[PDB]
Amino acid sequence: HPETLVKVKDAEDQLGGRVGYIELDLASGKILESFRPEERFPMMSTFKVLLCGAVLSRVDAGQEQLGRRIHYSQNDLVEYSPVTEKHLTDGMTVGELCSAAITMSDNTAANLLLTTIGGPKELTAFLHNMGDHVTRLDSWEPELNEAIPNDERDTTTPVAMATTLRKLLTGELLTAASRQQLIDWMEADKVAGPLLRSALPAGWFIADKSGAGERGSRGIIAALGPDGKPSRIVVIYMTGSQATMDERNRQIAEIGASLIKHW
């Protein structure tokens, strides 16, 4: 029931740490509402979307194919690889790898895709090449997750992430088929149910990616809107508190209810 900015500031009051929030109009790119928009937060697994953006960029350029099959071994597996650990004999295609990285937050799938483009510093270069000189990836999985403060490593700001997400989803940086593929993976997200999804009314569209980390970190990037079609981008990050997972999740779901009731 409180207005969205009030609820965001309330969430920070209750949790400690910092909460960062932006709501952007997808068609116009106008900032509709913000809180700590230019401050840095850890990205956590929300970078997996930007990673698959870079893959699809290579596909549109003729340097990659989504059906290319990648084989790997048990020695490649890292913590939290629920899809990739099931495909040791058959491997996965590049397209399956993006689906696993986005929809299940598979860490081996992300690492494998980062190998295809030459590592974290190459993802950062792709972002620079599209006009985002703020967001940076420095680490491989699973060692994003870990003790965060700060540095600037593996961080973005709400306005940078949102702007960069809008460029990927609606710009002419990717072909129409690649833009639709990226949004299809986000729509099929399986691991974000307690977050914005828990507040969404019947018949709304949502395409999202969540993140979680140490030092009270949690976040979500999402494109959503009524009647089957996305119309706004919403970015929420939090970090720096001693809050439990259940506490973090609840605050994001309450921010979500506010945003919906005041649409």
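Sequential numbering from 1, following the sequence displayed.
The question of which stretch, 14-22 or 241-249, has the higher mean Cα B factor is settled in favour of 241-249.
On average the C-alpha atoms of 169-177 have higher B-factors than those of the other stretch, with 169-177 and 105-113 being the two compared. Across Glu96, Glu152, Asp184, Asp132, the entry's maximum B-factor at the CA atom is seen for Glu152. Considering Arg36, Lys30, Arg68, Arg197 together, the PDB entry gives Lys30 the largest C-alpha B factor. Sort the modelled residues of the chain by CA B factor and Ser231 lands in the middle third.
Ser139 sits in the middle third of its chain by CA B factor, as recorded in the PDB entry. Among all modelled residues in this chain, the alpha-carbon of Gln74 has a temperature factor (C-alpha) in the highest third. Sorting the modelled residues of the chain by their CA temperature factor places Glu64 in the middle third. When the modelled residues of the chain are ordered by their C-alpha B factor, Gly213 lands in the highest third.
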